[PDB]
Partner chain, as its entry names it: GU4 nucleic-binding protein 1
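Let's start with one chain on its own, the form deposited without the partner chain, as structure tokens.
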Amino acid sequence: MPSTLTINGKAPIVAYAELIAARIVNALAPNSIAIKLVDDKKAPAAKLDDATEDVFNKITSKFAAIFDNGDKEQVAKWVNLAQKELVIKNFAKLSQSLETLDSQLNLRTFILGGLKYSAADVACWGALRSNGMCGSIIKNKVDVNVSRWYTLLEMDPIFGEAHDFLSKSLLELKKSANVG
């Protein structure tokens, strides 16, 4: 019986990282996680089974067979940056954090430099997807490595259609609540 991941469409910072993690898991091990929707700003952004705290890392550690690339210390640093810094809508702070990631991606396709993306990439990509402030910073401060890495991952439906998946599912949720 699958784990359940609840994703909240009225969360002011949408749990993209968590959702993409789950998409990766089910892509490689179908029916591992059942996705459930809520649409209420007075509810957790995401919940794995009954866990509301440290949800990303709980998916990641639960499905360790899938998230099997990256020294865990090094993955944690970048997951921390995404969850503690890249989601925060502060221009100066976001500028600095984006510079750190840009420098990291200078000689690398993915954050930790494998052929495969890792949890580090999932967390940072999700964080930036959730944060509307970053687009212009990335452009105007010429974080072109971030730009190219973000576009690369965006062309992968697992990442780039997560928003559309969430918004069509929420539409169908409203349509079902509204049938007479």
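Basically, rigid core = biggest C-alpha set you can superpose within 1.5 Å across the two forms. Positions refer to the first chain, counted from 1.
FYI, the form deposited with the partner chain bound isn't displayed, but the following is about it.
Only one of the listed residues (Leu152, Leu28, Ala51, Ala43) places a non-hydrogen atom within 4.5 angstroms of the partner chain in the bound PDB entry, and that residue is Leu152.
With the partner left out here, the partner chain still marks one of 43-51, 121-129, 60-68, 143-151 in the bound PDB entry; by a 4.5 Å heavy atom cut-off that stretch is 143-151.
Mapping the unseen interface onto this chain, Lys89 falls outside it, with no heavy atom inside 4.5 Å of the partner chain in the bound PDB entry.
Proximity of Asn80 to the partner chain in the bound PDB entry falls outside the 4.5 Å heavy atom cutoff.
Mapping the unseen interface onto this chain, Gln96 falls outside it, with no heavy atom inside 4.5 Å of the partner chain in the bound PDB entry. Contact between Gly135 and the partner chain in the bound PDB entry is not found at the 4.5 Å heavy atom cutoff.
Although the partner chain is not shown here, in the bound PDB entry the stretch 95-120 places heavy atoms of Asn106, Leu107, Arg108, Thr109, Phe110, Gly114, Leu115 within 4.5 Å of it, in sequence order. Superposed on the rigid core, the two forms differ between this form and the one not shown by 2 Å or more at the C-alpha of one listed residue only; from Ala45, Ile137, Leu48, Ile66 that residue is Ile137. In the bound PDB entry, the Cα-Cα separation between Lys139 and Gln96 grows by 3 Å or more relative to the displayed conformation.
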